[PDB]
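# Structure assessment
These are the residues of each chain, in order.
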Amino acid sequence: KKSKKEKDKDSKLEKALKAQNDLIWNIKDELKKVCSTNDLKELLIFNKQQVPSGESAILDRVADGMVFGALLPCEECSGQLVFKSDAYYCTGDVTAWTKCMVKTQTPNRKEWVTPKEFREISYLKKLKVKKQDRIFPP
Amino acid sequence: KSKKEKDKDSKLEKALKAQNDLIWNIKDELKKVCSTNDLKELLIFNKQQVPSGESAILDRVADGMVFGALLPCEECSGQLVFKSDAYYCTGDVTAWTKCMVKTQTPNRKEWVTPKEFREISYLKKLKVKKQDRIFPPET
Amino acid sequence: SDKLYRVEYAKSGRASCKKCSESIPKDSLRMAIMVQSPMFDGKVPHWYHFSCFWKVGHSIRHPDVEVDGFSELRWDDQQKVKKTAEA
Amino acid sequence: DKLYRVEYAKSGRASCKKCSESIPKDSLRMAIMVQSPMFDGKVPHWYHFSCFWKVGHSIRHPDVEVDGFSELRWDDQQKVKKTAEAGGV
Amino acid sequence: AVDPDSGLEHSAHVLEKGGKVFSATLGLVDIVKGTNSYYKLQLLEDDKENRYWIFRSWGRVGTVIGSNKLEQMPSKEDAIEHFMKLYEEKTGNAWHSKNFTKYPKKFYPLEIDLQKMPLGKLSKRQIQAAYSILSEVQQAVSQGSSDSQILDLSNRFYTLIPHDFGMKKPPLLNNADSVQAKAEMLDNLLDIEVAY
Amino acid sequence: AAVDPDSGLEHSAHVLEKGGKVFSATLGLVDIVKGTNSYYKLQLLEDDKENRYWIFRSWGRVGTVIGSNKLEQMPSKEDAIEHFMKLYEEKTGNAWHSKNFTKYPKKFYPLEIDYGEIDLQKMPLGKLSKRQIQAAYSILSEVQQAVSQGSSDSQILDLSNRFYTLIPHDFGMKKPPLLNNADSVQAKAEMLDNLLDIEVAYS
DNA sequence: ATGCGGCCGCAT
DNA sequence: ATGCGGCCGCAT
Ligand SMILES: [Zn+2]
Ligand SMILES: [Zn+2]
Ligand SMILES: [Zn+2]
Ligand SMILES: [Zn+2]
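Residues numbered from 1 in each chain as written, not as in the entry; some residues may be left out. Chains lettered and ligands numbered in written order. Heavy atoms only, no water. Residues with missing side-chain atoms left out of burial classes, pairs and counts.

This entry, as listed in the PDB, derives from X-ray crystallography and reports a resolution of 3.6000 Å.

Here it is in structure tokens:
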């Protein structure tokens, strides 16, 4: 069997996973605190991102864009990609009859740009942008 | 009723009608090719505050487009709005009193139509023009 | 500081005329007169169909300054108002 | 796609299916997707995180069998993964 | 025809303002998710002549899953306002639209006028369009590429021609024998229509 | 405290009080540019012999016939308090038991009434606590110094609004006058000294 | 799909 | 000020 070096890598990966999760949740709660819903809609609009339906989804997409960058438009349909537990699914319309089925784990994205209005809250994030990309489950 | 005075008067009223029906064509085209949320996106993109009321929303959008995105207030940092005769400030200089700023030549950057509505931006035929707001010359 | 007469395209068809008491249609031309509200501190508009407004005995000399939102209307509508002001 | 959903109540209006008592907002709740006899589409039957296990459903690997599992808070993910084994308390 | 689920098939009749008759039927299909929904909308007027009803019906095609609502409209005319509102809210097109544009995520109107056709007869226009779509599907299967195009054409066809697939995800039209079977089915429909 | 007579339950009920706070607040809001000058009474009354609960709202123009009221019989013994707090925070922007009476823009401001011929007329909304009168005297000090400075009429407008809020006046349907004149400041300071003497008279 | 309650602009 | 109808997210 093997459960000494392999198991070590597994534990390290799960540790990084927990790190990313509780990081994004700290960010979400801080946004819940220092901002209102309309401010988050402003944020999303500033980064060329579509505005979803639902407060939860709004701040989720804001945190996503902030930590990993503003998701660029789709490759073919020019729609908008959204995280979905396991990967980024496209939510565009390749035609008036069918949904676009694009799906990736390394979408194209520019670096997020916090407007200067919330600089007072941007320092509340302590920057800490990090070059970390989205970590997905095994 | 002098002829020089009268010719200039007729010329000015002609330009006034031109500006009015221009802005109204723009407002109707926006009513057509866009929804309310798209106009809110537009206003937010130009650092402009989002008003309460569909009519006011598209009015402010047309204003910003034709003459430029109104900059923040000079003292209170609020938002200016057209009001028939001039631009009135709607900010709050304090928690007790309204700001009373009022001008006809506010500070403004050039409007910036997002590329999403480029399909509708060409529907405006550009035609931005260096025209500033024309006010009534009554008093 | 404010005017005495307002004019605008109905921001909704829920409002009802004050003379004929029939509902005003949305996006139609309507004229109102501001009056003190006996229920709270603030002025409120009494609305009228553009046709009924003149039968209540009010007459306006120079609409371009006596009425609020006159410059915001469409041009031919501004001229219709300026014409009906006379007679 | 999945058969089980889990999330923090997006509103306290929803009511549990076992105890029939209203679910509180921003609380952990688990649902099972079922065909809606009134229209073409699946709909979630919701449950208090405590009631969900008393209806006879058991999950082996929540990390793939349940939807939105990765979106929860970490300690909540571990609470779910623990209750999956055995049940309830 | 008055829908029987309203119960007013005897006590009332279907309305018609001008050339348009207030009795539309829309369908919406999406194979990736399995969606396959029907929507009947009728505006019924009493034989007496002045009670008015707005009848909505919706559900899964050729299945027990569905429901309906019969709303007695008080006004003789506001019923038409409600009818047009619902039509444009469900299909994205006006009631008297010169063109039946397809809007994304929204329904599509079917031209109507026992079991092989779950929603009733079909006009020769829809069947001609379906035959042309089958032509394109056959040529694209000969090309043997772009399965997304096959998905698009399959959705369009299953929308124009309803099928009773029960609770099962509709099958893609990548197979050639399937295209031949559906073309024979459309020829049968054409013969049945010319028989009338 | 005191039950407002426009509710008609001054006999059949009494004013409620949970702890140190008494559910009987009075807010005012003034804006000289527009002429606004509004009062708002909010009371939560409990039946003097039972468990019936009433939410009494009253509003209008200060010392004028213009206004109205609503008496809503709250069914629950406690949800009445929820409604009271909701209305308070919706009208003034502050919580009910706020340690600090912050002023929020466009919203009302709470007045401190002295719960427990001059008072009948000169004070349109009732007695005033010595704290409010002290603050008004300091604001008059600032107004006098700013009139001596003779600049910034917007500051004069701000101080005038603050003063007319803390000290209600029966201006009828007329726009309240600005406090740019020095004789006006002296008259209002004499008025406040009269109020202070009337308050110290009560022992 | 619709039902329904919270919300907000427009009347009064 | 509140009343009320249109609107939209969340339940079912
Ligand atoms: Zn796509
Ligand atoms: Zn200002
Ligand atoms: Zn009328
Ligand atoms: Zn339960």
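So, next bit.
### A short note on the overall build of chain C
The secondary structure content of chain C amounts to two helices and four strands. Order of helices (α) and strands (β) in chain C, N terminus to C terminus: β-β-β-α-β-α. On C-alpha atoms alone, chain C measures out to a radius of gyration of 13 Å, which is about the 12 Å that the 2.2 N^0.38 rule sets for 87 residues. Seen through its principal axes, chain C has C-alpha atoms that stretch 35 × 30 × 25 Å. The 87 residues of chain C split such that 41% are buried. Pairs at least 24 apart in sequence give 48% of the contacts found in chain C among residues at least 6 apart. Accessible area for chain C stands at about 5,000 Å²; split by element, carbon and sulfur atoms hold 51% of it. Both charge centroids of chain C, one from 15 positive and one from 12 negative side chains, sit 4 Å from each other. (Helix = DSSP H or I, 4+ residues; strand = E, 2+ residues; numbered from the N terminus. Rg over C-alpha atoms; globule rule 2.2 N^0.38 Å. Buried < 20%, exposed > 50% of the residue type's maximum accessible area, 1.4 Å probe, protein only. Contact = heavy atoms within 4.5 Å. Areas by Shrake-Rupley, 256 points an atom, 1.4 Å probe, with all protein chains shown as cover. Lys, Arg positive; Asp, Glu negative; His and termini not counted. Charge placed at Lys NZ, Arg CZ, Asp CG, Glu CD.)

### Here we look at the protein's contact with DNA strand G
Lining the immediate surroundings of DNA strand G are 17 residues, of which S52 of chain B, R30 and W47 of chain C together with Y39 and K69 of chain E lie closest. The share of sugar and phosphate among atoms of DNA strand G within 4 Å of the protein is 65%. Within the side chain of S52 of chain B, an N or O atom sits 2.4 Å from a sugar or linking oxygen of DNA strand G. For DNA strand G, a base oxygen lies 3.2 Å from a polar atom in the side chain of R14 of chain C. (Near = heavy atom within 4 Å. Polar contact = N/O pair within 3.5 Å; in protein donor to acceptor, adjacent residues only side chain to side chain.)

### Remarks on the protein's contact with DNA strand H
Taken together, 19 residues lie around DNA strand H, and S11, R13, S15 and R29 of chain D together with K70 of chain F are the ones closest in. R29 of chain D has a polar side-chain atom sitting 2.9 Å from a phosphate oxygen of DNA strand H. Between DNA strand H and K91 of chain F, the relevant distance is 3.3 Å, taken from a phosphate oxygen to a side-chain nitrogen or oxygen of the residue. Broken down by secondary-structure element, the contributors of at least two residues to the surface near DNA strand H are β3 (42–48) of chain D together with β6 (53–61) of chain F. When its residues are assigned to classes, the surface near DNA strand H shows seven nonpolar, four polar and eight charged. (Nonpolar A, V, L, I, M, F, W, Y, C, P; charged D, E, K, R; others polar.)

### Points about the packing of helix α3 (residues 130–149) of chain F against helix α5 (residues 182–201) of chain F
All names here are of chain F. Direction vectors running N to C along α3 and α5 enclose 160°, while the axes themselves pass 10 Å from each other. When the axes of α3 and α5 are compared, the pair comes out roughly antiparallel. For the crossing formed where α3 meets α5, the hand is left-handed. Two secondary-structure elements touch here, α3 through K130, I133, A136, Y137, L140, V143 and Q144 and α5 through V185, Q186, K188, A189, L192, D193, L195, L196 and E199. Class assignment for the residues of the contact of α3 with α5 results in 10 nonpolar, two polar and four charged. (Axes fitted to C-alpha atoms, helices over the stretch in contact; angles between N-to-C directions. Parallel < 35°, antiparallel > 145°, perpendicular 65-115°, else oblique. Left-handed = near helix turned anticlockwise from the far one by under 90°.)

### Concerning the coordination of the zinc ion (ligand 4)
All names here are of chain D. Binding of the zinc ion (ligand 4) to the protein goes through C16 (SG), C19 (SG), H48 (ND1) and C51 (SG), at separations of 2.0 to 2.3 Å. Bound by four donor atoms, the zinc ion (ligand 4) shows angles of 93 to 118° at the metal and therefore tetrahedral coordination geometry. Mapped onto the sequence, the donors of the zinc ion (ligand 4) take the spacing C-x2-C-x28-H-x2-C. Like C51, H48 is buried. (Donors = N, O, S within 2.8 Å, 3.2 Å for Na, K, Ca; no water. Tetrahedral: all angles 85-135°; square planar, octahedral: opposite > 155°, others 65-115°.)

### Quick notes on the interface of chain D and chain A
Where interface size is given, it is often the accessible area lost as the parts come together that is meant. Contact residues are listed per partner, giving 14 residues for chain D and 10 residues for chain A. Taken together, both faces of the contact between chain D and chain A bury some 940 Å²; the carbon and sulfur share is 44%. The salt bridge involving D67 of chain D is made with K84 of chain A; its shortest N-O contact spans 2.7 Å. Within the residue set of the side of chain D that touches chain A, elements represented by two or more residues are β1 (4–8) and α2 (74–84) of chain D. At four residues, α2 of chain D tops the list of elements feeding residues into the side of chain D that touches chain A. Counted by class, the side of chain D that touches chain A contains three nonpolar, four polar and seven charged residues. (Buried area = accessible area lost by both parts, 1.4 Å probe. Salt bridge = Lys/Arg side-chain N within 4 Å of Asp/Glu carboxyl O.)

### Describing the coordination of the zinc ion (ligand 3)
Residue and element names in this part refer to chain C. For the zinc ion (ligand 3), every protein donor is listed as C17 (SG), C20 (SG), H49 (ND1) and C52 (SG), and the spread of their distances is 2.0 to 2.3 Å. One can describe the donor arrangement at the zinc ion (ligand 3) as tetrahedral, given that its four donor atoms subtend angles of 93 to 117° at the metal. We note that the donor set of the zinc ion (ligand 3) lies within a single chain, spaced as C-x2-C-x28-H-x2-C. Taken together, the residues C17 in the loop between β1 (5–9) and β2 (29–36) and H49 in strand β3 (residues 43–49) connect sequence positions 32 residues apart. For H49, a relative accessible area of 16% gives the class buried.

### Looking at the packing of helix α2 (residues 37–46) of chain A against helix α3 (residues 55–68) of chain A
Helices that pack against each other are described as a pair by the angle of their axes relative to one another and the distance between those axes. Residue and element names in this part refer to chain A. Contact pair α2 / α3: the axes reach a minimum separation of 10 Å and the direction vectors enclose 45°. Looking at the two axes, α2 sits oblique to α3. Like other packed secondary-structure pairs, α2 and α3 cross with a definite hand, here left-handed. Along its contact with α2, which presents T37, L40, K41 and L44, the element α3 presents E55, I58, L59, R61 and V62.

### Some details on the pattern of salt bridges
Two side chains of opposite charge can pair, provided their charged atoms sit close to one another. Tallied over the full model, the rule gives 33 salt bridges over all chains. Of the charged contacts in the structure, one is a salt bridge between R29 of chain D and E7 of chain D, with a shortest N-O distance of 3.2 Å. Pair noted here: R29 of chain D is in strand β2 (residues 28–35) and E7 of chain D is in strand β1, with a separation of 22 residues, a long-range link. Salt bridges sharing partners connect three or more residues here, namely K84 of chain A together with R5, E7, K10, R29, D67 and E71 of chain D.

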